[PDB]
Each structure stands twice: as C-alpha cells, then as structure tokens.
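To keep things clear, I will list the structure first and then write my remarks on it.
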Amino acid sequence: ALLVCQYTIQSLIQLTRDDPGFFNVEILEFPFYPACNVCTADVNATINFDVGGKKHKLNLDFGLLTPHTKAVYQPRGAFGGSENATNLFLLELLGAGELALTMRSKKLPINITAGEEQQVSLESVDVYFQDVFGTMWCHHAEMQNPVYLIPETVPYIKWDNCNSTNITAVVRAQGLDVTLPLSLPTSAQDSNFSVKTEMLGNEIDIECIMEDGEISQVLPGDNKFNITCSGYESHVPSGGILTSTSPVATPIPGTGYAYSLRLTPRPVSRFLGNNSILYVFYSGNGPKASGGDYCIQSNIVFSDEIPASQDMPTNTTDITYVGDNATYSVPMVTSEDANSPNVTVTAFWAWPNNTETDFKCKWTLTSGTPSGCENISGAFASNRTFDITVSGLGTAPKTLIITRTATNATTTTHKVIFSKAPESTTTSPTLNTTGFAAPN
Ligand SMILES: *[C@@H]1O[C@H](CO)[C@@H](O)[C@H](O[C@@H]2O[C@H](CO)[C@@H](O)[C@H](O[C@@H]3O[C@H](CO[C@@H]4O[C@H](CO)[C@@H](O)[C@H](O[C@@H]5O[C@H](CO)[C@@H](O)[C@H](O)[C@@H]5O)[C@@H]4O)[C@@H](O)[C@H](O[C@H]4O[C@H](CO)[C@@H](O)[C@H](O)[C@@H]4O[C@H]4O[C@H](CO)[C@@H](O)[C@H](O)[C@@H]4O[C@H]4O[C@H](CO)[C@@H](O)[C@H](O[C@@H]5O[C@H](CO)[C@H](O)[C@H](O[C@@H]6O[C@H](CO)[C@H](O)[C@H](O)[C@H]6O)[C@H]5O)[C@@H]4O)[C@@H]3O)[C@H]2NC(C)=O)[C@H]1NC(C)=O
Ligand SMILES: *[C@@H]1O[C@H](CO)[C@@H](O[C@@H]2O[C@H](CO)[C@@H](O[C@@H]3O[C@H](CO[C@@H]4O[C@H](CO)[C@@H](O)[C@H](O)[C@@H]4O)[C@@H](O)[C@H](O[C@H]4O[C@H](CO)[C@@H](O)[C@H](O)[C@@H]4O[C@H]4O[C@H](CO)[C@@H](O)[C@H](O)[C@@H]4O[C@@H]4O[C@H](CO)[C@@H](O)[C@H](O[C@@H]5O[C@H](CO)[C@H](O)[C@H](O[C@@H]6O[C@H](CO)[C@H](O)[C@H](O)[C@H]6O)[C@H]5O)[C@@H]4O)[C@@H]3O)[C@H](O)[C@H]2NC(C)=O)[C@H](O)[C@H]1NC(C)=O
Ligand SMILES: *[C@@H]1O[C@H](CO)[C@@H](O[C@@H]2O[C@H](CO)[C@@H](O[C@@H]3O[C@H](CO[C@@H]4O[C@H](CO[C@@H]5O[C@H](CO)[C@@H](O)[C@H](O)[C@@H]5O)[C@@H](O)[C@H](O[C@@H]5O[C@H](CO)[C@@H](O)[C@H](O)[C@@H]5O[C@H]5O[C@H](CO)[C@@H](O)[C@H](O)[C@@H]5O)[C@@H]4O)[C@@H](O)[C@H](O[C@H]4O[C@H](CO)[C@@H](O)[C@H](O)[C@@H]4O[C@@H]4O[C@H](CO)[C@@H](O)[C@H](O)[C@@H]4O)[C@@H]3O)[C@H](O)[C@H]2NC(C)=O)[C@H](O)[C@H]1NC(C)=O
Ligand SMILES: *[C@H]1O[C@H](CO)[C@@H](O[C@@H]2O[C@H](CO)[C@@H](O)[C@H](O[C@H]3O[C@H](CO[C@H]4O[C@H](CO[C@@H]5O[C@H](CO)[C@@H](O)[C@H](O)[C@@H]5O)[C@@H](O)[C@H](O[C@H]5O[C@H](CO)[C@@H](O)[C@H](O)[C@@H]5O)[C@@H]4O)[C@@H](O)[C@H](O[C@H]4O[C@H](CO)[C@@H](O)[C@H](O)[C@@H]4O[C@@H]4O[C@H](CO)[C@@H](O)[C@H](O)[C@@H]4O)[C@@H]3O)[C@H]2NC(C)=O)[C@H](O)[C@H]1NC(C)=O
Ligand SMILES: *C1O[C@H](CO)[C@@H](O[C@@H]2O[C@H](CO)[C@@H](O[C@H]3O[C@H](CO[C@@H]4O[C@H](CO[C@@H]5O[C@H](CO)[C@@H](O)[C@H](O)[C@@H]5O)[C@@H](O)[C@H](O)[C@@H]4O)[C@@H](O)[C@H](O[C@H]4O[C@H](CO)[C@@H](O)[C@H](O)[C@@H]4O[C@@H]4O[C@H](CO)[C@@H](O)[C@H](O)[C@@H]4O)[C@@H]3O)[C@H](O)[C@H]2NC(C)=O)[C@H](O)[C@H]1NC(C)=O
Ligand SMILES: *[C@@H]1O[C@H](CO)[C@@H](O[C@@H]2O[C@H](CO)[C@@H](O)[C@H](O[C@H]3O[C@H](CO[C@H]4O[C@H](CO)[C@@H](O)[C@H](O)[C@@H]4O)[C@@H](O)[C@H](O[C@H]4O[C@H](CO)[C@@H](O)[C@H](O)[C@@H]4O)[C@@H]3O)[C@H]2NC(C)=O)[C@H](O)[C@H]1NC(C)=O
Ligand SMILES: *[C@@H]1O[C@H](CO)[C@@H](O)[C@H](O[C@@H]2O[C@H](CO)[C@@H](O[C@H]3O[C@H](CO)[C@@H](O)[C@H](O)[C@@H]3O)[C@H](O)[C@H]2NC(C)=O)[C@H]1NC(C)=O
C-alpha cells in the first residue's frame, strides 16, 4: 500500500552545461524542529527513470535521520535497481532546515538495462519525509527536460603545469570556500579579470565560469562576481570576490599587482572525494579569457562537520498569566487566507526526551482532541486563528514550540514561553488600606 502524504512540494530542475556527473537535488522544505534533539525523520526516496519508452521505478530506503548526530547519509538498501548501487546515491543534510540528494550519473543504478538500452533517462524524483509527528511530507522534483545518465568510467585526467599554491579548499554543505592570493602583472586600472575554476577530483568534473562577463574595470578592494558551476545550481548562488592587495600605481619591482581571491562556488559534491584538486585559471585579458595564461591549484577537503543551523527558525513570544492555564492564539495559517482546506497546529514541550510519547499533540480543521496529548488543548477560533490552551502548571517557565502549516506547506514555527505563575502578593488575605499612618 503506497503513501498518502499531506503536503506535497513541486520543484523544477534543469541542467546547466554538461554535468560533472553528480546530479543534485536540494530541498528547502522539510521540517526540522527547533529545540528538539530527539527528532528523528523517516526519509524514503524514489527516482523515476526512463529507458526507451519504458518508465522504471527505483525505491531507495534511507531509513531514519538523526540530525543531531549524522550529517551525511547513504541508503541502507534499495529495491528496484542494480547492486553496488547503495553507494551511488547520497543524502546530505545542509544549512538551515534543508536537504540535498546527490545520485551520480556515469554509473547506472539500473541493472534492468540490456546492452541494447545503454541510453537511460532520469525523469523525476520523489523524496518522502515522514514527520516526527507522523506527517508524511512529499517533495516531487521534476527535471525540466529529461536528464540522460550515460555510463562512462573514462578520462582519469589531471591538469598539468599549474603552480601549486598550497592552501586547502574546504567544503561544508556542497559549498566550497577558499581564499587564494594571486598577482597579475600589468593591472593598474587597465586590467580585465577573468577567472575559471574546475574541481577535477574523482570521476567528477565540475566546471565553474563567470557568466555575467569579465570584471572589465577592476576597482580597488572587493569586487564581487557571480559564477555558474556546471551541474544543478543551488538556491544559494555561487560567487567570488577579487580583492586587491597592492598599491594603486605604487609598485615597480617583481611583485606585479597582488590580489586576494575568494571563491564560493556551490554544488560541490562529496562524491568528489577528498584529495581532489581545485584549478583556478586567470588572466589579465579581454581578448580570449579561454585557456588564458596563469593557473593556480589547491587541494580540497570535505568536512563532516554537522551543519550548525539545522533546526528551522523561531519567533518567541513571552506570556505571563495567573489563571493557572494560559492560552496562545496561533495566528493565521501562513498569511492572508482563511480558506485553506488544510491547516495544522502542532504542539511541543521543548527539548523532549522521548519520541513514543512527546510528539502526540496535533490538530487539524477536521480533527480535535488528540489521543496521547496530555495537558495541552487546541481548537480553532475565528478567521482560522487557533487557540492553544496550556494547563501544565508548574512554577518554572515552560517554553512550548508550536508549528503551524498551510496547505501550501509554508511552515511557520512560534515559540511561546509561558512565565506562568507570577505569584500572589504577600498580603493576599488582607491588604486593605486607608491613610491612617500617613499624612492626608
Ligand atoms: C582589458 O579590458 C579593458 C576594459 O574593457 C581594456 O581597457 C584593456 O585594454 C586596452 O587598454 C589600452 C590602454 O592600456 C586602451 O588603449 C584600449 O582601449 C581603447 O583604445 C581604442 C583605440 O585607441 C586610440 O587610437 C586612436 C587612433 O590611433 C587615437 O585617436 C586615440 O587617441 C590620441 O591621444 C594621444 C595623446 O594626445 C595622441 O598622441 C594621439 O595622436 C591621439 O589623438 C588613441 O590612441 C579607443 O578608440 C577606444 O576608445 C575612445 O575612447 C578612448 C578613451 O576615452 C579615447 O582615448 C579615444 O579617443 C576614443 O574616444 C572618445 O570617444 C567619445 C565619442 O566621441 C567621446 O565622447 C569621449 O569623450 C572620448 O573622447 C574625448 O576625445 C574627443 C576626441 O578627440 C574630444 O573631442 C573630447 O573633447 C573635449 O572636452 C574636454 C572637456 O569636456 C576638453 O575641453 C577637451 O579639450 C581641449 O581643451 C582646451 C582647453 O581646455 C582647448 O579648448 C582645446 O581646443 C581642446 O581640444 C576637449 O577636446 C574628449 O576629450 C578605447 O578606449 C584597451 N582595449 C579596449 C578595447 O578597451 C583590456 N586589456 C587586455 C590586455 O585584455
Ligand atoms: C550576482 O547575482 C545577483 C543575483 O542574480 C545579481 O543581483 C541582481 O541584479 C539585478 C540587476 O540586473 C537586480 O534586478 C534589478 O534590481 C533593481 C531593484 O528593484 C527589484 O525589482 C526586481 C524585479 O521586480 C526584483 O527582482 C528585485 O528583487 C528588486 O526588488 C531594479 O530597479 C532593476 O532595474 C529595472 O531595470 C531592469 C533592467 O533593464 C528592468 O527589467 C526592470 O523593469 C526595471 O526597469 C523599468 O522602470 C524604469 C522606470 O520606470 C524604466 O526606465 C525601464 O524601461 C523599465 O520599465 C518599463 O517600460 C515598459 C513599457 O512601457 C512597461 O511595460 C514597464 O512596466 C511593467 O513592467 C512589467 C514587467 O517588468 C510588465 O511589463 C507590465 O506590463 C504590461 O505588459 C504587457 C505584456 O506583458 C504589455 O507590454 C503592456 O503594455 C504592459 O503595460 C508593465 O506595465 C516599465 O514601466 C532590476 O530589476 C536585482 O536586485 C539583483 N538581485 C539580487 C538578489 O542582488 C548581481 O547583480 C550579480 N552580480 C554581478 C556583479 O553581476
Ligand atoms: C607559474 O608561476 C610562476 C612564478 O610564480 C610564473 O612565472 C613567470 O612567467 C612570466 C610570464 O607569464 C615571466 O614573465 C616576464 O618576466 C620578466 C622578467 O623576468 C626577470 O628577468 C629579469 C631580467 O632579465 C631577463 O630574463 C628574462 C627571462 O629569462 C628575459 O626575457 C630577458 O630577455 C632577460 O634575459 C631579472 O632581472 C628579474 O630578476 C632578478 O631576480 C632574481 C631573483 O631575485 C635574481 O636571480 C637576479 O639576479 C635578478 O636580480 C634582481 O634582484 C635585485 C634585488 O631585489 C633587484 O634590484 C633587481 O632589479 C632585479 O629584480 C627576473 O628574473 C618581467 O620583467 C616581465 O615583467 C612585465 O610585467 C611586469 C609585472 O606586471 C610589468 O610591471 C612590466 O612593465 C612588464 O610588463 C608588460 O608585459 C605585457 C605582456 O607581455 C605587455 O603587454 C605590457 O605592455 C608590458 O610590456 C614579465 O613578468 C616571468 O619571467 C616568469 N617568472 C619566472 C620566475 O619564471 C608562471 O608564469 C606561472 N605559470 C602559469 C601557467 O601561470
Ligand atoms: C489537502 O488538500 C490538498 C487539496 O485538496 C490535497 O491535495 C490533493 O492531494 C491528493 C492526494 O492526497 C492528490 O490526489 C490530489 O491530486 C493530484 O495527484 C493525483 C495523483 O497524481 C500522480 O500520481 C498518480 C499515481 O501514481 C504513483 O503511480 C505509480 C504507477 O502508476 C506507482 O507505482 C507509484 O508508487 C505512485 O504511487 C500517477 O498515475 C499520475 O500520473 C502518470 O501521468 C504522468 C503525467 O501525465 C506520467 O508521465 C507518469 O508516468 C504516470 O504514469 C501522477 O504521477 C492526480 O491523479 C491528480 O492529477 C489529474 O491530472 C493528471 C495529470 O495531468 C491526470 O492524469 C488525471 O487524469 C487527473 O485529472 C485532470 O484534471 C485537469 C485539471 O482539472 C484536467 O485538465 C485533466 O483533463 C484531468 O481530468 C492531481 O494532480 C491533490 N489535489 C490538488 C488540488 O493538488 C491534500 O492531499 C490534502 N492533505 C491532507 C492533510 O489530507
Ligand atoms: C560492482 O562493483 C564492483 C567493484 O566496485 C565491480 O567490479 C570489479 O571489476 C573491477 C574492474 O572493472 C576490478 O578492479 C579493481 O582492482 C584493480 C586492481 O587493483 C590496484 O590495481 C593495481 C594494478 O592492476 C592489475 O593488478 C591485478 C592484480 O595484481 C591484475 O589482475 C591485473 O592484471 C593488473 O596487473 C594493482 O597492482 C594494485 O595492487 C591494486 O590491485 C584496481 O585498479 C581497480 O580500480 C580502483 O579504482 C576505483 C576508482 O577510483 C577505486 O574505487 C578502487 O578502490 C580501486 O582503486 C584506486 O584507484 C584510484 C583512482 O585511480 C586511486 O586514486 C586510489 O588511490 C586507488 O588506488 C579496482 O579497484 C574489481 O576488483 C572487481 N570487483 C570485484 C568484487 O570483483 C562490478 O562490476 C560492479 N557491478 C555492477 C553491476 O556494477
Ligand atoms: C483550566 O483548563 C482545564 C483543562 O484544560 C480545565 O479543566 C478542569 O480541570 C480538572 C482537572 O484539573 C478536570 O478534572 C475538570 O473536570 C470534569 O470534572 C467532572 C467530575 O466531577 C465531580 O463529581 C464526582 C462524583 O460525585 C466527584 O468524585 C468529583 O470530585 C467531582 O466533584 C466531570 O464530571 C466533568 O465532565 C462532565 O460534565 C459535562 C457537562 O454535563 C458532560 O457533558 C461531560 O460528558 C462530563 O460528564 C468535567 O469534565 C475540568 N473541568 C471542566 C469544567 O472542564 C479547568 O476548568 C480550567 N480552569 C478554568 C477556570 O478555566
Ligand atoms: C500557495 O497556495 C495559495 C493558496 O491556495 C496559492 O494562491 C499560491 O499561489 C500560486 O500563487 C499565485 C499568486 O497569486 C497564483 O497565481 C496566478 O494566476 C493569476 C490569474 O491569471 C495571475 O494574476 C498570477 O500571476 C498567477 O500566475 C496562483 O493561484 C497560485 N497557484 C495555486 C495553485 O495556488 C501558492 N503559492 C505557492 C508557494 O505556490
């Protein structure tokens, strides 16, 4: 019996230049709860290929995610494909509340191929994500024009001369970042800068290129430029800054004109393995930026440094009340539309230790009063507002983490923090005054 998943996200993808052969899909979209360290996630992907007119499925099983422990994941088994296919795919957690999936091309994951059908296509991708609260989140990303996986294990070419500028390039979330120093003879004012990279490690060949053109008038100190690495561009664009490190016209000897160069290119897959080599090409020309003069090269390493900001953002609200059961009104689902046919309030007692018990409080337009939800109350109010009644009365400010989500999947997470019990004034049983011991 196949998935139901409330909340499905569409996503168009296309290939820019020929690929380095990763093939990468990122998903700013799933829920990673803030102030939650026990929050597992049940990921299950599914690629829909095409061989001849024939459409062939491939279900991968990533099992359970442990965001507070593991950053990178590999499917643990996969029904419907070749073998040694288990490490053909790669699901990596990234920055703020998001995922990326990298399944390499040039190594067919479909054995179902007779020599005849050497030609294989990748039509779309399904990434299932079952919530800690048990909400299945689907994310169907579809290749604009089918992408052709064409086996190869060819060219194991390194580049040649290139002065090694020992400085290591490190990748964090598929985003590389290095600052290489470089000097350009003949560049005071009349300098045309043109950089071009190419991370050539492993069976992977990424190739980045300035797109908006060259920096024709290289002003002094921090020129920012955009670059387009071949593959599947990331929402966080990829750029670089050429900053100057030498006087205007005030040098004359050997040291031509010094510059500090910083590269920030994106989709740079771990598949590239560590000990790959970043080639940086540059000239001081405008006639043929192509294959021009100087080449500088650096080694790259893939940190397994679990991204920091993994949990989704928060807007805390402080309440203080006395009635021994407070009430917050989770405002409108997303914004301006009191006619969604799918709202979902969702409660949380901050930093919960146990999954089988702490994630039971949930509401919907058609539900009401959830099974295991102890001491939290929730029911919709006027204009789609949602009042939550917290009655777990203590004398130590509990912070509740609410999450609401529209039919659009525009999640929004509050973080109310009930100061609760302010406490009775000492003279509670008396305090009836009149000026008698004071002038009047
Ligand atoms: C990297 O990429 C980089 C960027 O993409 C690139 O820069 C780099 O590559 C190369 O770098 C080279 C330098 O390193 C550079 O040369 C390359 O770029 C260009 O070169 C071409 C070709 O150049 C020339 O060859 C011509 C023929 O041989 C020659 O006419 C030119 O000029 C002379 O000056 C010498 C010095 O006196 C003289 O000995 C010569 O005999 C000759 O007269 C030059 O040798 C250029 O064509 C091209 O561009 C134009 O732009 C440049 C820069 O602006 C000019 O030098 C050139 O003349 C031409 O431009 C003008 O064009 C527009 C359109 O009309 C004008 O509106 C604009 O303002 C500009 O001109 C002025 O010139 C007019 C014509 O003479 C004047 O009439 C005008 O008027 C005046 O008003 C003023 C106030 O408003 C004053 O009043 C002034 O004054 C005098 O005033 C006194 C009293 O005060 C009195 O009244 C008197 O009567 C009066 O006369 C008025 O005249 C105004 O002055 C390029 O710029 C470059 N490559 C490229 C493609 O960029 C790349 N690197 C690599 C390695 O890849
Ligand atoms: C590194 O990467 C970075 C990211 O890529 C990059 O940064 C980007 O740089 C960009 C610059 O290219 C920036 O985009 C711009 O930013 C300026 C800031 O405002 C923004 O608005 C953007 C779009 O809405 C938005 O994306 C941004 O976030 C931002 O908020 C903006 O001012 C810029 O300029 C204008 O100029 C561009 C370029 O030409 C033009 O496309 C825009 O329309 C706009 O210019 C108009 O207005 C002026 C004055 O009125 C006119 O002089 C212009 O001619 C033009 O206007 C019109 O004439 C038409 C004819 O009469 C008329 O139709 C138009 O009106 C309405 O226009 C509608 C569409 O625009 C539509 O056409 C509508 O429709 C009817 O249409 C039908 C048919 O459809 C019929 O024609 C009908 O007749 C008609 O009525 C019209 O009525 C106008 O009046 C520019 O947008 C961006 O900020 C930035 N991004 C980021 C995140 O940084 C870096 O640069 C890269 N780094 C390097 C170093 O390169
Ligand atoms: C990998 O990296 C390496 C290094 O990081 C890159 O190396 C280099 O490639 C470039 C080309 O890309 C070569 O280019 C030109 O080089 C010259 C000269 O180089 C020096 O030669 C001096 C003089 O003698 C001669 O030797 C050369 C070559 O054999 C012949 O061409 C001549 O005919 C002549 O025989 C020599 O004096 C100078 O230095 C000495 O220093 C050493 C060590 O200190 C001593 O052993 C020696 O005794 C000398 O002592 C000196 O030391 C004292 C003490 O400080 C000092 O007082 C003295 O004054 C003296 O320095 C070198 O050995 C360079 O002149 C050219 O310069 C032009 O560029 C300038 C910089 O921007 C600019 O300011 C100038 O105006 C010139 O510019 C213009 O050229 C353009 C383009 O052609 C024109 O369009 C424009 O209009 C102008 O004409 C120029 O740089 C380098 O020589 C080469 N370096 C090495 C070490 O090999 C390599 O490229 C890179 N590879 C890749 C793929 O990126
Ligand atoms: C909160 O509210 C929202 C809104 O109400 C709810 O969202 C709705 O959610 C429900 C389910 O919960 C969705 O059903 C519903 O609609 C869309 O999805 C269904 C399913 O679509 C796709 O899946 C089909 C099932 O397939 C799988 O099948 C394979 C093999 O068969 C299995 O092995 C897999 O394991 C897997 O499970 C596919 O068959 C289907 O299509 C095939 O077609 C492809 C392209 O045409 C082809 O290339 C591919 O190879 C496949 O073979 C697809 O992948 C759809 O049925 C609905 O779509 C219609 O459009 C289809 C495509 O255009 C037509 O084929 C179909 O006849 C439908 O009819 C059309 O209507 C249009 C416009 O009115 C008209 O022009 C046209 O003439 C047709 O009559 C649909 O897109 C969404 N509804 C909305 C509004 O988005 C949400 O569930 C709820 N949440 C909560 C909390 O409960
Ligand atoms: C499922 O996957 C399996 C395996 O992944 C697929 O099947 C296999 O078929 C491969 C060939 O197509 C076999 O080749 C491996 O071993 C090679 C030999 O090993 C190094 O080779 C040196 C030189 O070679 C010969 O020596 C042999 C023994 O002496 C001899 O038979 C032969 O005649 C030659 O004389 C040898 O001296 C040295 O001691 C060592 O044996 C090796 O060259 C193969 O390539 C590698 O390349 C990949 C890609 O990087 C790496 O992942 C591998 O670990 C391995 O090693 C490196 O190469 C890197 C890049 O150059 C380098 O940077 C790095 O440092 C390292 O040295 C290959 O390993 C397999 O043995 C065979 N496997 C099995 C189990 O039978 C199978 O088809 C797949 N199935 C499907 C459906 O897809
Ligand atoms: C703050 O919020 C809390 C919850 O969010 C509000 O809830 C009250 O809190 C207490 C717990 O702290 C609940 O126990 C309370 O409960 C029900 O209490 C009744 C029990 O009745 C009595 O009689 C027996 C037998 O003689 C006796 O042994 C016992 O001690 C007691 O005296 C239930 O009967 C009642 O349910 C019934 O009544 C309705 C209407 O007729 C029926 O439709 C129901 O089916 C059911 O039979 C209560 O549910 C709970 N109180 C209420 C009224 O909700 C708390 O009120 C709130 N504080 C304020 C002031 O807002
Ligand atoms: C999220 O869910 C909302 C509530 O259902 C959608 O309205 C919203 O919208 C796409 O958003 C568009 C912006 O209003 C809207 O667009 C179109 O058609 C009109 C009429 O020709 C044009 O004026 C607009 O330019 C626009 O193309 C669509 O209704 C909407 N699509 C759907 C199916 O809702 C969703 N937003 C997101 C994140 O997708």
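Values quoted throughout were computed directly from the atomic coordinates according to the rules given, and no laboratory measurement underlies them. Positions of Cβ are generated from backbone atoms using ideal geometry, with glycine treated the same way; all protein chains shown enter the neighbour counts.
Worth a mention:
- Length-normalised contact order for the stretch 1-112 - Cα pairs under 8 Å, 6+ apart - percent: 26
- Calculated on alpha-carbon atoms, Rg and Dmax of the chain in Å: 28.3, 107
- Each Cα pair of the stretch 156-310 feeds into the Kirkwood radius, which the Stokes-Einstein equation turns, at 10 °C and 1.306 mPa s, into a diffusion coefficient of 99 µm²/s.
- Residues considered: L12, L261, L149. Largest GNM mean-square fluctuation over the chain, using C-alpha springs under 10 Å, is found at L12.
- Candidates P397, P313, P265, ranked by Gaussian network fluctuation over the chain, Cα under 10 Å, top entry: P397
- Cα pair distances exceeding 16 angstrom across the stretch 238-359, given as percent: 82
- Sorted largest first, extent of the stretch 311-420 alpha carbons per principal axis (Å): 39, 30, 27
- The stretch 103-189: Cα Rg divided by the 2.2 N^0.38 Å rule of thumb: 1.80
- Working from Cα pairs under 8 Å separated by at least six residues, relative contact order for the chain is 16 percent.
- Environment charge of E207, counting only residues whose C-beta is closer than 14 Å and scoring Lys/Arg +1, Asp/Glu -1: -3
- For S329, the shell of other residues with beta-carbons less than 12 Å away shows a net charge of +1, using +1 for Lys and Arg and -1 for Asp and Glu.
- Segments 420-427, 363-370 sorted - mean Cβ within 10 Å per residue, highest first: 363-370, 420-427
- Computed on the stretch 311-420, with alpha-carbon pairs under 8 angstrom and 6+ residues apart, the relative contact order is 40 percent.
- Note on the chain: GNM, Cα springs under 10 Å; of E336, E92, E83, the largest mean-square fluctuation is that of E336.
- The stretch 351-367 versus the stretch 393-428: alpha-carbon centroid distance in Å: 16
- Whole-angstrom Cα spans of the stretch 35-143 along principal axes, big to small: 53, 23, 22
- The stretch 60-115 and the stretch 327-343 have Cα centres spaced 36 Å apart.
- Semi-axis lengths, Å, the stretch 208-278, gyration tensor of Cα atoms, sqrt of 5 times eigenvalues: 29, 16, 9
- Cα extents of the stretch 1-90 along the three principal axes, largest first (Å): 48, 32, 28
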